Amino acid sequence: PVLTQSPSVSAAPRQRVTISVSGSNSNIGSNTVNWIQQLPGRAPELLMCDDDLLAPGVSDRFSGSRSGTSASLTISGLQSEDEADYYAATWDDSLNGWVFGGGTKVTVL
């Protein structure tokens, strides 16, 4: 995977969890990051667009940012339905195409 995401984590309900991703100057350093949520046994869907814009219907418990070659997703008030594989996506100017992280699994204890 072109982007490196933070390791899979377990957290208790109501905890705050931050997932992070690192890229290069050609992807995250020059383009906005999207976050994809892949619920267990379900097709992936868009969670966050353009660093920090919630996809329609997504809870404002999710927030995103980007800084330098890094971006992060934070989940506030963690709830069992948030247990999922989270994937960073961004345009890479060098590949002239989409690049992805390998995914970070959030397990709700």
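Residue numbers run from 1 along the displayed sequence.
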Task: Higher-B stretch (mean Cα B-factor, as the entry records it), 99-107 or 1-9 - done: 1-9
Open item on the list: Please compare 21-29 with 83-91 and name the stretch with the higher mean C-alpha B-factor in the deposited structure.
Closed with: 21-29
Task: Residue with highest C-alpha B-factor in the PDB entry, from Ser76, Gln37, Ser65, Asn34 - done: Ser76
- [ ] Would you please rank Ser59 by its C-alpha temperature factor against the other modelled residues of its chain and give the third it falls in: lowest, middle or highest?
- [x] highest
